[PDB]
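Student: Below is the structure I would like to discuss, written out as structure tokens.
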Amino acid sequence: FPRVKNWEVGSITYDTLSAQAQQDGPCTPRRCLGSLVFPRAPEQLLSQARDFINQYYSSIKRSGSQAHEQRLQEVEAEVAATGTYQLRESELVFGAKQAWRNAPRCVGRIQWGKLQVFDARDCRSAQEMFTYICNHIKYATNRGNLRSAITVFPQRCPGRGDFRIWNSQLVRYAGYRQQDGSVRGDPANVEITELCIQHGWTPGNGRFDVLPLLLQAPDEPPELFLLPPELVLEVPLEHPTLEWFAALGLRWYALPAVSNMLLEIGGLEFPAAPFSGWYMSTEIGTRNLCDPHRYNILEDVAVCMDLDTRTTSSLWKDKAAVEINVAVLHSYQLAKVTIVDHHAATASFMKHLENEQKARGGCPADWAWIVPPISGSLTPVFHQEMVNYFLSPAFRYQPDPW
Amino acid sequence: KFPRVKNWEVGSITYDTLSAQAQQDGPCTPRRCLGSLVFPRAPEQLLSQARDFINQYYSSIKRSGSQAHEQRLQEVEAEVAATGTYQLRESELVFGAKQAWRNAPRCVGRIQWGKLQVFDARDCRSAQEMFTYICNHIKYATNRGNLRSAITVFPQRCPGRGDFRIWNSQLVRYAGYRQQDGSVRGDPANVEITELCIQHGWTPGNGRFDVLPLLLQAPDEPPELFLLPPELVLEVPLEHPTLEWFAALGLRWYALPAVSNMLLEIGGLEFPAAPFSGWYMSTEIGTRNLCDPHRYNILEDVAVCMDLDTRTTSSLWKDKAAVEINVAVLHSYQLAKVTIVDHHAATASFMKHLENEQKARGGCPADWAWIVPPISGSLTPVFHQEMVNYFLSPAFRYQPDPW
Ligand code: HEM
Ligand code: HEM
Ligand SMILES: N=C(Nc1ccc(CCNCc2cccc(NC(=N)c3ccco3)c2)cc1)c1ccco1
Ligand SMILES: N=C(Nc1ccc(CCNCc2cccc(NC(=N)c3ccco3)c2)cc1)c1ccco1
Ligand SMILES: C[C@H](O)[C@H](O)[C@H]1CNc2nc(N)[nH]c(=O)c2N1
Ligand SMILES: C[C@H](O)[C@H](O)[C@H]1CNc2nc(N)[nH]c(=O)c2N1
Ligand SMILES: [Cl-]
Ligand SMILES: [Cl-]
Ligand SMILES: [Gd]
Ligand SMILES: [Gd]
Ligand SMILES: [Gd]
Ligand SMILES: [Zn+2]
């Protein structure tokens with residue numbers, strides 16, 4: 001049982017939940033790979049299914065009860081008859097919440113109990129997929145009062161291709177390869193922008209052209225779908241005191257809706273299960289706008305602030321980054337779109353760590369992803385030791401469909 | 001068999017083949033990663049470590065397999081058989097100290113690892129002579145503000161005789177006076193060593209930046225108190241280039257970061273007293289030492305003076321005040337002509353070190369959480385660089401406090 005220390009306050013906990021870690025991570029006693037982004041039978045399915053049902057009934061205090069045994073026997077027969085089994089709707093809800101709760105890289109898990117689950121397990125085609133997704137975006141956006149939600153499309157099974165959302169998020173800006181090597185738009189989306197074009201999408205030419213969706217029903221080519229503009233809430237970015245900031249033409253979208261991860265529950269796998277919450281401001285103002293391989297606007301902003309950019313020791317990069325994050329917070333609040341700054345969010349995650357210590361003896365957390373990308377040690381999570389391990393149900397990465 | 005290592009800014013990929021040579025085990029298992037923890041924690045075992053080190057030495061000078069290489073291996077093996085231990089040649093001590101720095105995974109300044117002045121104090125015999133060696137180190141390294149990296153190696157651990165130890169964690173530390181309330185005047189990180197100084201006879205001050213005396217331990221003796229001559233201790237008064245009230249805070253820091261509580265291990269020999277010094281990266285002072293809530297904790301008072309709105313987190317008053325404190329630190333050291341490096345330049349040079357080491361040794365042990373600076377993390381290139389942490393020897397190691 002690892003000892004976990006907070007170096008700001010001096011408090012000590014012991015992580016007893018890590019003993020129950022399901023799969024194996026990438027580290028060995030010889031070397032730690034904690035900083036890597038991607039860590040490298042019917043009896044197989046039954047064992048995972050049993051552990052999840054036992055989890056679920058323990059969590060509702062029907063532990064070992066009559067309804068517990070009846071569900072266990074039902075799963076056994078279903079797998080024998082068909083090779084898989086079907087979650088009850090309450091189990092699907094519980095499993096989606098647990099998979100969020102178990103995500104080590106998520107700083108927002110104080111919210112894990114409040115999740116809207118849309119059951120799309122009866123979906124039949126890409127057109128129907130598009131309707132579920134539009135319903136999700138509408139519900140989750142809620143005119144800017146964002147609400148967390150997940151839509152669960154049909155599980156994979158043998159003999160049949162998966163449902164897939166080819167886009168990494170529901171809302172993505174195009175990235176256009178230019179004749180001089182550079183990228184106009186978001187460099188992260190250069191591949192999917194080309195995939196949309198190849199599948200017959202008329203490309204824009206702006207830095208913030210919202211991409212169409214490439215949705216894939218089983219064993220069929222993907223279909224392009226245009227998102228109605230009135231459905232995609234965007235926030236033009238302005239600064240509260242730097243009047244020229246508005247004229248940079250920057251904007252970002254309200255709804256972070258991740259669509260390329262796989263949801264795993266009781267040994268079942270959902271390759272299309274988009275989930276959304278709301279943004280932490282550093283995601284937009286630091287990573288998306290200031291990363292050298294994303295919009296990379298830092299030097300542009302520093303020139304407008306008339307900063308000395310020829311020496312690093314004036315900290316022109318730091319001052320411009322902070323004002324971009326100010327602009328993001330100011331612009332979302334003014335537009336009445338839900339957002340949380342990195343101080344508020346890390347303070348809430350500390351409470352989540354405390355709540356989870358009492359709830360189940362620990363909490364899997366990836367320090368490198370929990371600590372914000374600016375002002376790290378100004379937030380309390382910087383001084384918090386953390387233990388990283390993989391519990392199930394879980395969100396996992398998966399290969400691209402193509 | 002070798003971990004793939006990716007840089008996400010550039011897209012480039014290497015494989016860390018050096019990790020396969022890791023000589024001691026860390027805290028992680030396939031079940032759970034403990035990389036974020038601060039403390040991750042005999043004749044022919046000595047001999048395998050010694051042989052490996054001699055091999056490293058003869059590799060560095062491109063005489064592997066030479067007669068001199070074989071003869072020195074045989075010489076070490078015969079001394080261990082006779083005495084249970086052995087002595088480093090002078091040249092091996094210099095190489096081993098540099099290698100321990102090169103191997104230190106939490107050090108972002110290792111581009112400098114080949115430039116290290118090594119003072120051989122292995123004939124030191126008393127705490128008084130210890131003090132002379134340390135003062136000479138401080139004078140050399142400080143060099144009136146033009147800082148030079150140096151290490152002084154005191155006698156190795158040996159059976160039947162106690163260790164040399166420097167009780168202070170650094171050669172220059174500000175006192176931390178525990179108040180009756182439980183508050184602290186001065187540096188809270190130094191409350192314990194301050195109380196040990198007073199117990200051993202030091203008359204304490206009552207300032208926020210009182211330089212501590214040294215508690216020096218010779219073998220099998222209680223520690224002995226030595227006052228540093230004030231003119232040996234170069235300090236920098238803190239001011240801001242455009243906020244003139246900042247100078248009225250009365251803040252200062254010292255020029256020379258000289259870590260004195262780590263153990264130097266070379267070829268299985270252990271050196272419990274071997275203080276080493278370089279120069280500061282500005283975030284160490286401006287962000288951690290001055291803005292940590294459990295250190296000097298000045299962030300709110302500076303923000304109030306800047307007339308920022310401290311009642312709401314979303315104004316980012318903490319971020320703005322912290323950046324200006326870092327500006328003050330850099331401006332003040334440059335003004336006083338004391339070597340300092342900012343976190344942008346330091347991490348850029350570390351990236352060049354990673355490329356150097358990938359060609360020289362096929363990898364580089366590095367602790368991401370420690371290499372990424374405490375402000376503006378993703379604005380620096382190391383944020384986007386995957387890293388493999390592992391333990392090589394020669395090494396600098398944590399060791400228990402002598403009391
Ligand atoms: C409610 C407000 C939420 C906030 C403020 C928040 C914040 C964050 C942030 C900042 C990250 C790091 C992402 C990155 O750096 O690219 C993250 C990751 C993650 N979030 Fe949350 N999140 C929220 C809700 C949710 C919800 C509702 C779910 C799922 C039901 C979820 C699941 C995840 C997962 C699986 C990751 C890891 C993603 C990856 O490794 O690529 N989050 N979150
Ligand atoms: C020359 C300029 C140098 C710079 C700018 C530099 C920078 C740094 C920084 C910023 C840290 C993290 C310190 C902390 O957060 O407490 C560190 C740690 C470390 N440095 Fe360097 N360093 C330099 C020279 C040296 C030298 C000369 C040595 C030894 C010969 C050394 C060995 C180490 C070790 C062993 C650590 C780990 C300390 C620990 O785990 O507590 N460094 N360095
Ligand atoms: N760049 C690549 N990989 C890669 C890219 C990004 C990641 C992590 C980013 N997930 C995006 C993401 C994930 C989770 C949360 C948010 N934000 C929220 N607030 C949110 C969404 C939903 C609820 O809350 C954003 C991991 C790997 C790449 C290129 C080629 C192959 O891979
Ligand atoms: N906090 C505790 N322990 C603890 C305290 C501090 C640390 C890390 C601090 N290293 C100080 C340090 C280490 C290395 C480099 C520098 N700087 C340089 N530039 C430099 C120096 C020499 C060459 O370059 C500073 C690790 C553990 C604690 C409280 C109670 C018991 O333990
Ligand atoms: C190499 C390193 O793991 C990578 O850049 C990580 C660091 N921490 C992160 N933290 C968050 N929240 N999101 C990220 O994409 C990353 N990227
Ligand atoms: C808990 C966490 O590991 C701790 O605060 C670490 C993080 N990274 C660090 N990085 C550096 N350079 N110095 C430190 O003291 C720490 N502290
Ligand atoms: Cl995003
Ligand atoms: Cl320090
Ligand atoms: Gd102007
Ligand atoms: Gd330039
Ligand atoms: Gd002024
Ligand atoms: Zn690890």
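Residue numbering restarts at 1 for every chain of the structure tokens, chains are lettered A, B, ... in their displayed order, and ligands are numbered from 1 as they appear.
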Show me which residues are within 10 Å of ligand 8 counting only C-alpha atoms and all ligand atoms, and format the list as a ChimeraX atom specification.

Tutor: /B:169-170,172-173,189,253-254,256-259,280-285,288-289

Student: Those same residues, written as a PDB file, in the first residue's frame with N, CA, C and O atoms?

Tutor:
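Result file follows (selection_29.pdb):
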ATOM      1  N   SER B 169      21.241  21.461   4.738  1.00  0.00           N
ATOM      2  CA  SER B 169      20.857  20.950   3.426  1.00  0.00           C
ATOM      3  C   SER B 169      21.524  21.723   2.297  1.00  0.00           C
ATOM      4  O   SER B 169      21.676  21.194   1.193  1.00  0.00           O
ATOM      5  N   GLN B 170      21.869  22.987   2.532  1.00  0.00           N
ATOM      6  CA  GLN B 170      22.660  23.781   1.606  1.00  0.00           C
ATOM      7  C   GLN B 170      23.697  24.550   2.406  1.00  0.00           C
ATOM      8  O   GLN B 170      23.552  24.743   3.617  1.00  0.00           O
ATOM      9  N   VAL B 172      24.340  27.709   2.088  1.00  0.00           N
ATOM     10  CA  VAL B 172      23.714  28.990   2.415  1.00  0.00           C
ATOM     11  C   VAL B 172      22.217  28.739   2.558  1.00  0.00           C
ATOM     12  O   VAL B 172      21.573  28.245   1.624  1.00  0.00           O
ATOM     13  N   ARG B 173      21.680  29.031   3.740  1.00  0.00           N
ATOM     14  CA  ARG B 173      20.267  28.851   4.042  1.00  0.00           C
ATOM     15  C   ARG B 173      19.864  29.963   4.990  1.00  0.00           C
ATOM     16  O   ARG B 173      20.653  30.359   5.850  1.00  0.00           O
ATOM     17  N   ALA B 189      11.230  26.140   5.356  1.00  0.00           N
ATOM     18  CA  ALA B 189      11.910  24.904   5.000  1.00  0.00           C
ATOM     19  C   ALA B 189      13.091  24.604   5.922  1.00  0.00           C
ATOM     20  O   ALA B 189      13.608  23.479   5.906  1.00  0.00           O
ATOM     21  N   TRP B 253      17.773  37.204  -2.035  1.00  0.00           N
ATOM     22  CA  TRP B 253      18.168  35.803  -2.050  1.00  0.00           C
ATOM     23  C   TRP B 253      19.681  35.724  -2.206  1.00  0.00           C
ATOM     24  O   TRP B 253      20.367  36.731  -2.422  1.00  0.00           O
ATOM     25  N   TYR B 254      20.214  34.521  -2.052  1.00  0.00           N
ATOM     26  CA  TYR B 254      21.654  34.346  -2.113  1.00  0.00           C
ATOM     27  C   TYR B 254      22.088  33.873  -3.497  1.00  0.00           C
ATOM     28  O   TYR B 254      21.321  33.275  -4.256  1.00  0.00           O
ATOM     29  N   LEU B 256      24.510  31.643  -4.380  1.00  0.00           N
ATOM     30  CA  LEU B 256      25.124  30.328  -4.610  1.00  0.00           C
ATOM     31  C   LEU B 256      24.264  29.178  -4.097  1.00  0.00           C
ATOM     32  O   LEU B 256      24.118  29.017  -2.872  1.00  0.00           O
ATOM     33  N   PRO B 257      23.688  28.349  -4.981  1.00  0.00           N
ATOM     34  CA  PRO B 257      22.967  27.157  -4.528  1.00  0.00           C
ATOM     35  C   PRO B 257      23.936  26.001  -4.374  1.00  0.00           C
ATOM     36  O   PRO B 257      24.476  25.511  -5.373  1.00  0.00           O
ATOM     37  N   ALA B 258      24.182  25.579  -3.140  1.00  0.00           N
ATOM     38  CA  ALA B 258      25.221  24.599  -2.838  1.00  0.00           C
ATOM     39  C   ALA B 258      24.583  23.521  -1.967  1.00  0.00           C
ATOM     40  O   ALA B 258      24.438  23.697  -0.757  1.00  0.00           O
ATOM     41  N   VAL B 259      24.150  22.435  -2.605  1.00  0.00           N
ATOM     42  CA  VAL B 259      23.486  21.320  -1.934  1.00  0.00           C
ATOM     43  C   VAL B 259      24.519  20.513  -1.159  1.00  0.00           C
ATOM     44  O   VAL B 259      25.500  20.035  -1.736  1.00  0.00           O
ATOM     45  N   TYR B 280      21.629  29.278 -10.074  1.00  0.00           N
ATOM     46  CA  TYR B 280      20.189  29.126  -9.944  1.00  0.00           C
ATOM     47  C   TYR B 280      19.473  29.196 -11.283  1.00  0.00           C
ATOM     48  O   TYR B 280      19.836  29.986 -12.163  1.00  0.00           O
ATOM     49  N   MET B 281      18.418  28.393 -11.418  1.00  0.00           N
ATOM     50  CA  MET B 281      17.374  28.681 -12.392  1.00  0.00           C
ATOM     51  C   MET B 281      16.343  29.571 -11.708  1.00  0.00           C
ATOM     52  O   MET B 281      15.974  29.312 -10.561  1.00  0.00           O
ATOM     53  N   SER B 282      15.904  30.644 -12.389  1.00  0.00           N
ATOM     54  CA  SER B 282      15.197  31.701 -11.666  1.00  0.00           C
ATOM     55  C   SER B 282      13.891  31.214 -11.039  1.00  0.00           C
ATOM     56  O   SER B 282      13.475  31.737  -9.995  1.00  0.00           O
ATOM     57  N   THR B 283      13.215  30.238 -11.648  1.00  0.00           N
ATOM     58  CA  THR B 283      11.974  29.769 -11.032  1.00  0.00           C
ATOM     59  C   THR B 283      12.214  29.150  -9.656  1.00  0.00           C
ATOM     60  O   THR B 283      11.298  29.151  -8.827  1.00  0.00           O
ATOM     61  N   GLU B 284      13.417  28.629  -9.373  1.00  0.00           N
ATOM     62  CA  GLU B 284      13.629  28.070  -8.037  1.00  0.00           C
ATOM     63  C   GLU B 284      13.375  29.126  -6.977  1.00  0.00           C
ATOM     64  O   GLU B 284      12.737  28.852  -5.954  1.00  0.00           O
ATOM     65  N   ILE B 285      13.851  30.346  -7.227  1.00  0.00           N
ATOM     66  CA  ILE B 285      13.704  31.441  -6.281  1.00  0.00           C
ATOM     67  C   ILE B 285      12.333  32.109  -6.445  1.00  0.00           C
ATOM     68  O   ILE B 285      11.565  32.230  -5.487  1.00  0.00           O
ATOM     69  N   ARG B 288       9.172  28.855  -6.512  1.00  0.00           N
ATOM     70  CA  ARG B 288       9.037  27.949  -5.379  1.00  0.00           C
ATOM     71  C   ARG B 288       9.376  28.647  -4.066  1.00  0.00           C
ATOM     72  O   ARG B 288       8.539  28.723  -3.163  1.00  0.00           O
ATOM     73  N   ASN B 289      10.606  29.165  -3.938  1.00  0.00           N
ATOM     74  CA  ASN B 289      11.035  29.694  -2.645  1.00  0.00           C
ATOM     75  C   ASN B 289      10.207  30.899  -2.200  1.00  0.00           C
ATOM     76  O   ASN B 289       9.958  31.069  -1.001  1.00  0.00           O
TER      77      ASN B 289
END

Student: Give the residue list for ligand 2 at 7 Å, counting only C-alpha atoms and all ligand atoms, as a list in words, sorted by chain and then by residue number.

Tutor: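 Result of the 7 Å neighbour search around ligand 2: residues 97, 98, 101, 104, 106, 107, 108, 109, 110, 112, 113, 116, 149, 150, 151, 276, 277, 278, 279, 280, 281, 284, 341, 346, 370 and 396 of chain B.
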
Student: Kindly save the residues from that selection, with C-alpha atoms included, as a PDB file, in the first residue's frame.

Tutor:
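Wrote out-v2.pdb, looks like this:
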ATOM      1  CA  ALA B  97      31.580  13.238  -9.849  1.00  0.00           C
ATOM      2  CA  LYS B  98      30.816  14.478 -13.373  1.00  0.00           C
ATOM      3  CA  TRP B 101      25.744  14.885 -12.217  1.00  0.00           C
ATOM      4  CA  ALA B 104      20.884  12.937 -12.064  1.00  0.00           C
ATOM      5  CA  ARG B 106      15.909  15.631 -11.665  1.00  0.00           C
ATOM      6  CA  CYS B 107      18.585  18.087 -12.913  1.00  0.00           C
ATOM      7  CA  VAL B 108      17.612  20.364 -15.821  1.00  0.00           C
ATOM      8  CA  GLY B 109      21.085  21.958 -15.899  1.00  0.00           C
ATOM      9  CA  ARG B 110      23.015  18.908 -17.154  1.00  0.00           C
ATOM     10  CA  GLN B 112      26.890  21.785 -18.131  1.00  0.00           C
ATOM     11  CA  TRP B 113      27.866  18.323 -16.778  1.00  0.00           C
ATOM     12  CA  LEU B 116      32.737  20.849 -13.027  1.00  0.00           C
ATOM     13  CA  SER B 149      30.151  24.809 -10.897  1.00  0.00           C
ATOM     14  CA  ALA B 150      32.098  22.902  -8.239  1.00  0.00           C
ATOM     15  CA  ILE B 151      32.009  19.909  -5.891  1.00  0.00           C
ATOM     16  CA  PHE B 276      28.028  20.574  -4.961  1.00  0.00           C
ATOM     17  CA  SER B 277      27.025  23.903  -6.464  1.00  0.00           C
ATOM     18  CA  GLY B 278      26.045  25.394  -9.784  1.00  0.00           C
ATOM     19  CA  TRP B 279      23.884  28.458 -10.320  1.00  0.00           C
ATOM     20  CA  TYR B 280      20.189  29.126  -9.944  1.00  0.00           C
ATOM     21  CA  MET B 281      17.374  28.681 -12.392  1.00  0.00           C
ATOM     22  CA  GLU B 284      13.629  28.070  -8.037  1.00  0.00           C
ATOM     23  CA  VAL B 341      19.295  31.287 -16.009  1.00  0.00           C
ATOM     24  CA  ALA B 346      17.414  26.339 -19.206  1.00  0.00           C
ATOM     25  CA  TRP B 370      11.045  17.822 -11.958  1.00  0.00           C
ATOM     26  CA  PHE B 396      23.790  11.575  -6.178  1.00  0.00           C
TER      27      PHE B 396
END

Student: List as a list in words the protein and nucleic acid residues lying within 6 Å of ligand 3, with only C-alpha atoms and all ligand atoms counted.

Tutor: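 Answer in the requested format: residues 256, 257, 258, 275, 276, 277, 278, 279 and 280 of chain A.
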
Student: Give me, as a list in words, the set of residues whose atoms come within 7 Å of any atom of ligand 11, counting only C-alpha atoms and all ligand atoms.

Tutor: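 Final answer, ordered by chain and number: residues 242, 243 and 244 of chain B.
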
Student: Counting only C-alpha atoms, which residues of chain A come no farther than 7 Å from chain B, as a VMD selection string?

Tutor: chain A and resid 8 18 21 24 to 36 292 to 293 312 to 315 318 to 319 322 326 329 341 343 to 344 367 to 368 373 to 377 385 to 389

Student: Since we have the selection now, will you write its residues out, keeping N, CA and C atoms, as a short mmCIF file (atom, residue, chain, number, x, y, z; two decimals), in the first residue's frame?

Tutor:
data_model
loop_
_atom_site.label_atom_id
_atom_site.label_comp_id
_atom_site.auth_asym_id
_atom_site.auth_seq_id
_atom_site.Cartn_x
_atom_site.Cartn_y
_atom_site.Cartn_z
N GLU A 8 2.60 20.41 0.79
CA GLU A 8 2.22 21.73 1.27
C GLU A 8 1.73 21.66 2.71
N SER A 18 -5.21 0.94 -5.03
CA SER A 18 -4.32 0.57 -6.12
C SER A 18 -4.09 -0.93 -6.17
N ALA A 21 -5.92 -2.74 -8.90
CA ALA A 21 -5.71 -2.29 -10.27
C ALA A 21 -5.83 -3.46 -11.24
N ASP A 24 -2.33 -3.75 -16.60
CA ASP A 24 -0.97 -3.35 -16.26
C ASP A 24 -0.58 -2.10 -17.04
N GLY A 25 0.11 -1.19 -16.36
CA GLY A 25 0.64 0.00 -16.98
C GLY A 25 2.03 -0.23 -17.53
N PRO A 26 2.70 0.84 -17.97
CA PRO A 26 3.96 0.69 -18.71
C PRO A 26 5.23 0.70 -17.87
N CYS A 27 5.13 0.94 -16.57
CA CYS A 27 6.32 1.10 -15.73
C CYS A 27 6.78 -0.25 -15.18
N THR A 28 8.08 -0.36 -14.94
CA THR A 28 8.68 -1.49 -14.25
C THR A 28 9.59 -0.96 -13.16
N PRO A 29 10.05 -1.83 -12.25
CA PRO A 29 11.05 -1.37 -11.27
C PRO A 29 12.32 -0.84 -11.91
N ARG A 30 12.64 -1.24 -13.14
CA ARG A 30 13.83 -0.72 -13.80
C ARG A 30 13.63 0.70 -14.31
N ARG A 31 12.45 1.03 -14.85
CA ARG A 31 12.29 2.39 -15.36
C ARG A 31 10.82 2.79 -15.35
N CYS A 32 10.62 4.08 -15.11
CA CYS A 32 9.29 4.68 -15.06
C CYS A 32 8.97 5.32 -16.41
N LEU A 33 7.82 4.94 -16.98
CA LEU A 33 7.29 5.52 -18.22
C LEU A 33 6.02 6.33 -17.98
N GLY A 34 5.86 6.86 -16.76
CA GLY A 34 4.67 7.64 -16.43
C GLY A 34 4.40 8.82 -17.35
N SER A 35 5.44 9.37 -17.98
CA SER A 35 5.27 10.54 -18.84
C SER A 35 4.87 10.20 -20.27
N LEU A 36 4.79 8.92 -20.64
CA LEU A 36 4.39 8.60 -22.01
C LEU A 36 2.90 8.85 -22.19
N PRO A 292 3.30 25.23 -29.64
CA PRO A 292 3.99 25.53 -30.90
C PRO A 292 3.45 24.75 -32.09
N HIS A 293 2.86 23.58 -31.84
CA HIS A 293 2.30 22.74 -32.89
C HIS A 293 0.79 22.85 -32.98
N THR A 312 14.80 35.93 -23.63
CA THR A 312 13.86 35.11 -22.87
C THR A 312 13.66 35.65 -21.46
N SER A 313 14.64 36.36 -20.92
CA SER A 313 14.59 36.70 -19.50
C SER A 313 13.61 37.83 -19.19
N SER A 314 13.04 38.50 -20.20
CA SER A 314 11.93 39.41 -19.93
C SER A 314 10.62 38.68 -19.65
N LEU A 315 10.58 37.36 -19.89
CA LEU A 315 9.40 36.53 -19.64
C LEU A 315 8.21 36.99 -20.48
N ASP A 318 5.65 34.22 -20.90
CA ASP A 318 4.80 34.01 -19.74
C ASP A 318 3.71 35.07 -19.64
N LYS A 319 4.07 36.33 -19.89
CA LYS A 319 3.09 37.41 -19.75
C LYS A 319 2.03 37.32 -20.83
N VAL A 322 -0.40 34.41 -20.07
CA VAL A 322 -1.36 34.72 -19.02
C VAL A 322 -2.49 35.59 -19.56
N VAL A 326 -6.49 35.01 -19.62
CA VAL A 326 -7.43 36.03 -19.17
C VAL A 326 -8.51 36.26 -20.23
N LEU A 329 -11.04 33.30 -20.29
CA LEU A 329 -11.96 33.37 -19.16
C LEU A 329 -12.94 34.52 -19.32
N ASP A 341 -11.55 28.06 -14.39
CA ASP A 341 -10.14 28.37 -14.47
C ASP A 341 -9.35 27.30 -13.72
N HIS A 343 -7.16 27.42 -11.30
CA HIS A 343 -7.12 27.47 -9.84
C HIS A 343 -8.36 26.82 -9.24
N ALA A 344 -9.55 27.24 -9.69
CA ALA A 344 -10.79 26.64 -9.18
C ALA A 344 -10.80 25.13 -9.41
N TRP A 367 -0.23 12.59 -12.40
CA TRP A 367 0.25 13.90 -11.97
C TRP A 367 0.52 14.83 -13.15
N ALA A 368 1.20 14.32 -14.19
CA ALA A 368 1.60 15.14 -15.33
C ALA A 368 0.40 15.73 -16.08
N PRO A 373 -0.94 23.36 -17.30
CA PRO A 373 0.24 23.67 -18.11
C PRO A 373 0.77 25.09 -17.95
N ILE A 374 0.12 25.94 -17.16
CA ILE A 374 0.72 27.17 -16.68
C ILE A 374 0.57 27.20 -15.17
N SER A 375 1.49 27.92 -14.52
CA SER A 375 1.41 28.19 -13.08
C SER A 375 1.31 26.91 -12.25
N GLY A 376 1.94 25.84 -12.72
CA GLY A 376 1.85 24.55 -12.06
C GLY A 376 1.88 24.60 -10.54
N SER A 377 2.93 25.18 -9.97
CA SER A 377 3.12 25.11 -8.53
C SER A 377 2.29 26.13 -7.78
N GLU A 385 1.40 14.28 -3.97
CA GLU A 385 1.83 13.04 -4.59
C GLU A 385 0.61 12.26 -5.07
N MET A 386 0.78 11.54 -6.17
CA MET A 386 -0.33 10.81 -6.77
C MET A 386 0.13 9.43 -7.21
N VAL A 387 -0.81 8.49 -7.21
CA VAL A 387 -0.59 7.12 -7.65
C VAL A 387 -1.42 6.89 -8.91
N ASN A 388 -0.78 6.39 -9.96
CA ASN A 388 -1.45 6.14 -11.23
C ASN A 388 -1.59 4.64 -11.46
N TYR A 389 -2.82 4.21 -11.76
CA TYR A 389 -3.15 2.82 -12.03
C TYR A 389 -4.48 2.76 -12.78
#

Student: Report the residues of stretch 246-376 of chain B whose backbone DSSP state falls under strand (DSSP E), written as a CSV table (one decimal) with N, CA and C atoms, in the first residue's frame.

Tutor:
chain,number,residue,atom,x,y,z
B,252,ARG,N,15.4,39.4,-0.5
B,252,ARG,CA,16.7,39.1,-1.1
B,252,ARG,C,16.8,37.6,-1.2
B,253,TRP,N,17.8,37.2,-2.0
B,253,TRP,CA,18.2,35.8,-2.0
B,253,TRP,C,19.7,35.7,-2.2
B,254,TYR,N,20.2,34.5,-2.1
B,254,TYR,CA,21.7,34.3,-2.1
B,254,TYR,C,22.1,33.9,-3.5
B,258,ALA,N,24.2,25.6,-3.1
B,258,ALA,CA,25.2,24.6,-2.8
B,258,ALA,C,24.6,23.5,-2.0
B,259,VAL,N,24.2,22.4,-2.6
B,259,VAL,CA,23.5,21.3,-1.9
B,259,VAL,C,24.5,20.5,-1.2
B,263,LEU,N,24.3,12.2,-0.8
B,263,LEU,CA,25.4,11.2,-0.8
B,263,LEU,C,25.9,11.0,-2.3
B,264,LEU,N,27.2,11.1,-2.5
B,264,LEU,CA,27.8,10.8,-3.8
B,264,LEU,C,28.3,9.3,-3.8
B,265,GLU,N,27.8,8.5,-4.8
B,265,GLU,CA,28.2,7.1,-4.9
B,265,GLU,C,28.9,6.9,-6.2
B,266,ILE,N,30.1,6.4,-6.1
B,266,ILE,CA,31.0,6.2,-7.2
B,266,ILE,C,31.6,4.8,-7.1
B,269,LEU,N,31.6,2.9,-3.9
B,269,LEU,CA,32.1,3.7,-2.7
B,269,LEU,C,31.1,4.8,-2.4
B,270,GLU,N,31.0,5.2,-1.2
B,270,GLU,CA,30.0,6.2,-0.8
B,270,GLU,C,30.7,7.4,-0.1
B,271,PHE,N,30.2,8.5,-0.5
B,271,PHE,CA,30.8,9.8,0.0
B,271,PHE,C,29.6,10.6,0.6
B,276,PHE,N,27.9,20.2,-3.6
B,276,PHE,CA,28.0,20.6,-5.0
B,276,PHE,C,27.2,21.8,-5.3
B,277,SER,N,27.7,22.6,-6.2
B,277,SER,CA,27.0,23.9,-6.5
B,277,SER,C,27.1,24.2,-7.9
B,280,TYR,N,21.6,29.3,-10.1
B,280,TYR,CA,20.2,29.1,-9.9
B,280,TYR,C,19.5,29.2,-11.3
B,281,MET,N,18.4,28.4,-11.4
B,281,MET,CA,17.4,28.7,-12.4
B,281,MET,C,16.3,29.6,-11.7
B,340,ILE,N,22.5,33.7,-13.5
B,340,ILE,CA,21.2,33.1,-13.3
B,340,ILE,C,20.7,32.7,-14.7
B,341,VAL,N,19.9,31.7,-14.7
B,341,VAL,CA,19.3,31.3,-16.0
B,341,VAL,C,17.8,31.2,-15.8

Student: Using only C-alpha atoms and all ligand atoms, find each residue with an atom at most 9 Å away from ligand 9 and format the answer as a list in words.

Tutor: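 Sorted by chain and then by number, the residues are residues 304, 305 and 306 of chain A.
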
Student: For ligand 5, which residue among A:243, A:364, A:105, A:201 is the nearest when counting only C-alpha atoms and all ligand atoms?

Tutor: A:105
